[PDB]
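Could you have a look at this structure, given as structure tokens, before my questions?
Just so it is clear, A, B, C, D, E, F, G, H and I label the chains in written order, and each chain counts residues from 1 on its own.
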Amino acid sequence: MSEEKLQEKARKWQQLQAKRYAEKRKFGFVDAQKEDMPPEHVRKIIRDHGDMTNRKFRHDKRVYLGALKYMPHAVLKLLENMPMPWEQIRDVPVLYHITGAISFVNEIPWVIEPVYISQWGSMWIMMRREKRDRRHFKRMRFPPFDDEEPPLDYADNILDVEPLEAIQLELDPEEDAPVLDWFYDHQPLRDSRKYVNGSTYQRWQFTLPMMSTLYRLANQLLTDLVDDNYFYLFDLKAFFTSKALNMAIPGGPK
Amino acid sequence: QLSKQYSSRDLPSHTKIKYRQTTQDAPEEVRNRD
Amino acid sequence: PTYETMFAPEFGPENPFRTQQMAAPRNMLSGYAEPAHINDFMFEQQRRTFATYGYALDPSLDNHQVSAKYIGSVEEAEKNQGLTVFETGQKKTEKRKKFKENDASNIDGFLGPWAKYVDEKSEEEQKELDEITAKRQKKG
Amino acid sequence: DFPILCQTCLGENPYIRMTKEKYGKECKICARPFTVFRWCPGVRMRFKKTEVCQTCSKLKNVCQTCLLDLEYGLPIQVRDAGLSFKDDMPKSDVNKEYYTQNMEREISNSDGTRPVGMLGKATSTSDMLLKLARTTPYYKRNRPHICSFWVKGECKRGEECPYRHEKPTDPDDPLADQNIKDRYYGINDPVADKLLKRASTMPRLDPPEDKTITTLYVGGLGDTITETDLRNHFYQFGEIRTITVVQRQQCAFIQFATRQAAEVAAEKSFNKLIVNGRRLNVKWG
Amino acid sequence: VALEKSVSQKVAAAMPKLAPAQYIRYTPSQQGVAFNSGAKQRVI
Amino acid sequence: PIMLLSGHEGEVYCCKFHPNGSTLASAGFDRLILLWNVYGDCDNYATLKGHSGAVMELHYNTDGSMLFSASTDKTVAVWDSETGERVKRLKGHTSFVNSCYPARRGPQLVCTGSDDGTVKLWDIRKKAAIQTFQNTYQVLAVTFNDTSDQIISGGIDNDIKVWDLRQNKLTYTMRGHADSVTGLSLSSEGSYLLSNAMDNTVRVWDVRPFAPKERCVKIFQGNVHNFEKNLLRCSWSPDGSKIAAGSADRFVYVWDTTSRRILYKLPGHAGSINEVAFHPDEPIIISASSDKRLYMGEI
Amino acid sequence: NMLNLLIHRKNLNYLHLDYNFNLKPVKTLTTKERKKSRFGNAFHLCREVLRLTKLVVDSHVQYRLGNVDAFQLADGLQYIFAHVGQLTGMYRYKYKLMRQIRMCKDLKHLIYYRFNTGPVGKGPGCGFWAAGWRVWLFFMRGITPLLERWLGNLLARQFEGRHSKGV
Amino acid sequence: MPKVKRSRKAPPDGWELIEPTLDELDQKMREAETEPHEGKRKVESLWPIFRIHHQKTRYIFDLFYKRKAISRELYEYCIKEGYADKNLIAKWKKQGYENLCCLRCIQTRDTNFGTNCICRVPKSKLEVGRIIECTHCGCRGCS
Amino acid sequence: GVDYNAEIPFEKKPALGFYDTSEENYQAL
């Protein structure tokens, strides 16, 4: 056998072995992640199919209908991620069937407890002040739109327009400084390896200064009872007893 | 040809089987008894 | 279970009773089928090799009870020496160009991998089809 | 699992990727859901997919997609014109449903590999259809459908268009209409009728130019052959009267006790028999 | 064991994922040497 | 009984029997090495973990205390058969290690071959290559003679080569394969070396101080290679009377070392067979294949 | 879109679903039409849950359009959740819902009392929904599996057929 | 008027010079969302979006990595404001992927058989000059 | 509708037993 042919044979063998035993094809390979897509993709799909009354669409009509089964699921995930009154715009992660049939909000609203409380304490203050101060507090009308008025393309009106100021509050630059830089951000300290765990956004750890600032912010929503004596026969044990004996303690439950 | 229909009644309940115990009157005792 | 016992040829006469098809071993009417556990990567190598060039080494078990043979058109196989799709071809030929601008600084301008082959953009037929259409219409 | 298929569908590639859906489609005959198989047959091919459930194939013994017989590749009307019509099967609605059900149990109880009652019949064959049976794969059958934008003159996908750009078939030709159910049951099948007209012209069986004549005028002998080839071929038939031999024009005359035997030897022989690896052609007188 | 298998299939309804790639080797019944490219078998 | 073993998630490439006939070792594409009880209920105990590439070849030392494992990750591991702890990593070859052998009798030695075209002699105590034989074509299979003086290497050049440890020269060339050699193995006597090759020829070659000079002692047939291009390995029976070699046609072939008649053609496997091993005391065959299952045939 | 497809799927061309999910009829109905057109609780429950979300979302949409104000929006949200029984009709189809309604009424008392403590009067503007919002989410957590099972069956009957047997 | 920028901070120093082309590409994107769906088939209805997206991200990727005319501040500002794409740029840094279309085309799961679309396969392998358009993306030969 | 007058509703071809039914056919009305 010739040198030329051997060399050729060797070459092919090399390439074959390199591919068959390539790392990626490695036994328990698990490959990639469902990388997320441009947002305009889903926007356009729904806009195309906006009423699946088009002659062209046909087969979506069966598919869309099928989803109805998971629609309540979708609703629950939507609602639980509402934006809170100090956020102008909250962005959320979404899983939408490649067909446009259904969008689910793929997310859980995790919050840092003492921060959350503080922020709604702030809102308590603000809302109360606003009610005091406006001469006439006009309230919205329900439904906000007519039945015969079709739902808005987000992209056509909303997308372009400004967000209009949120509720916010005027934190003192001096006293409230610890808390003050990130107080009204969405998930406060998500990018900080000092304060939170990370992007899973579990386990917060703060300094005592942060804690004291948050506490003070939260005061309107907080109980002033330091002992457990207030709740003597107003606790759960008493209620259990009360239930079982068919008695009521003067201002407790029957 | 099995239908995707369901019913309330059908759903799981009491998935565990209460085996008789020794003082309840397990078969072991029974076999031995006069 | 020895070779003598297992593989001893079935004795004597063959009954014409069975049609060429009836005579074949079977599991499922149309033929005999069974499991196999072939390395996926090799499968891909053979499938593409055949699809692209027409020659792929045949899989058989009992073709002769020993096998020496390729199973393709084979014009490529003698000429191309079993070039695998994954393995680099010994020689390269006949590239065709598609115009591209990749900077992306320009607008409208930019083509990415969306580049429409420069090369590829009958009246005689243009008539037969029309006639056919007319006929169809008439039939309606 | 795994379909039942023609060799002609399955593909001309030995390597094939084939996908499976649990209950994909109703079968267009017994109208039940059944496992469906797709695969790509070849480079320019169409992605065929099984059209009928496996049972009603075992019933009439046919490919799932083509509905052509396994052995003969002939439409069902043909091979029934070739043997036995009396198989039948109810066409009518709830019968069809019922008979299918029962026959599905009967098949369940078979060895599995056998088209039920037909196979008891299916062995005895070769009358004609072998001679009209198709020989090689026919790939023109899997080509993609005719692009229907282009056939109006417009198609705007250019060269990309996977469909096929060419003149369609004139709706005049009765061979056009071709229902599925129809092709299955063997009713008024245009294809099958055409093949029947083709069957008739086979020069073959009418014979009988003259009474009692057992004389066989044999053309295309050849000078390799001996007579003993002849005799040891023809003793199957009966009592020979005699054999006349001419090697100058290589024609061999033969004579049998009865004319019946001579007809037979024609039949069995005509455009079929070959010995000494050389065709032995036959004629009357 | 046999019953349990059966039950699980029934129970599949109550509880609404398959990842096997499985190869098979096929002998046809038509053969003839011009039917495939020229293989007594195919693989699917 | 036959006995069917299962557990390997990927193709099994090699399997061996412990020298004392009490346990089996098996490994393949998964990257796990499994140990099995030969008797009892054929139970599986320790799993050796630590190979990142696939296991191409296992061997036991003659004592059955050390298990050697050539992997595609270019590392040859030495394993403790008793505990399952890793002992050493022979990092050295620049490419895939295709195969390895451990010298019996003499002070601990290991030979390897890889796709870099070289053959290396290892002293497990040095953590470095001792000698290197640059071939020029990728090397697939390698074994020592009983004297631990010579190295026998099978590659893709159709030519089995014999190397002298003292001279460091190409001592011997064997012609007689028409294609790549995928598996080599010495008789227990030192007398004969067994080879598999793509050409579908199983050939026995005799290696002796005094040689006929054209040592194509015998040729056997039956064994088919195909488009999978799997490495194929062959084994000698404990007494040198039987020859087994795996094939790609789903059959285990066993021949009579003398008359060359096929004693066994065994089925049960669905895919290609990669290695066949004989139990060291009793007529038991372990057949390993790409269908991820093993059989314990008894003759 | 879902609900219209259901309606059409059954050829109920004399019903009309508007955009705030009120199912109305086009014309006075014939007896036969009335039979055929009834929807069961599954469909109506779904419809009313969707109505609730449309109220919510619309409220945000007007905020984004700059028609409203942050404070007004907050107040609207609190209104919505406290007044579900008088904006929707969910209860009609499930009466158990009254349990959520009562919770919302109580929490509105509680919060409104504390909130409107001093100078601040009985006026409309109190935002502080968090509580009411919670309550509907708990409701939804449980009702979801119910609607999945009921709507599942509805779809299955629609497509598979009423299993005709007197079973 | 703009993207209605989320951050409320002022953009970094390098913004003014890359403003216009982003403005124009996004205008192109809006046009692409609008244009409608006549004989366009359907899978071809989504293509211009992917294409423009690839363009935008290619732009900022070029400016930062090749011409070096942007600070990491501005680069990541254009990422976190959603002008450019993180994942995709993370592909184009790889050895092989440098002309990629999409992150769909290299998703394995999205094919019937778990393979990357012919979109990827180098031209030399097809060896016919046969013409190809990825049904997802609208690519013709990424690589 | 045609489950009656077209195509024999449901057909049981009689089972065949030790004797020849091939030949038999019957007259019209």
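Operating definition for what follows: a residue touches a chain if its C-beta (ideal position, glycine included) is under 8 Å from a C-beta of that chain, and two chains touch if they have at least 3 such contacts.
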For chain C and chain F, chains touching each: A
Of B-E and B-G, pair with higher C-beta contact tally: B-G
Rounded Å distance between chain E and chain G, as computed from the means of their C-alpha atoms: 49
Interchain centroid distance [CA atoms averaged], chain A/chain H, Å: 27
For chain E paired with chain I, centre-to-centre distance based on mean C-alpha positions, whole Å: 39
Distance between the centres, which are taken as Cα means, of chain I and chain H, whole angstrom: 71
Per-residue multi-chain contacts in chain B, two or more chains: 4, 6
Chain H, residues touching no fewer than two other chains: 131
Where chain E touches two or more other chains at once, by residue number: 21, 24, 26, 28-30, 36-37, 39, 41-43
Interchain contacts (touch definition) - all pairs: A-C, A-F, A-G, A-H, B-E, B-G, C-D, C-E, C-F, C-H, D-E, D-H, D-I
Touch list for chain H against partner chain D, complex: 39, 112-113, 131, 133
Chain B - residues contacting chain G, complex: 3-8
Touching residues on chain G, where the partner in the complex is chain A: 1-2, 4-6, 9, 18-20, 22, 46, 49-50, 53-56, 58-66, 68-76, 79-80, 87, 115-116, 119-121, 123-128, 130, 133, 136-137, 140-141, 143-144, 147-148, 151-152, 155, 158
Interface residues, chain D side, partner chain H - complex: 17, 19, 156, 159-160
Residues of chain D touching chain C in the complex: 2-5, 13-15, 17, 43, 57-58, 70-71, 112-115, 119, 122-123, 125, 150-153, 158-159, 167-168, 170-172
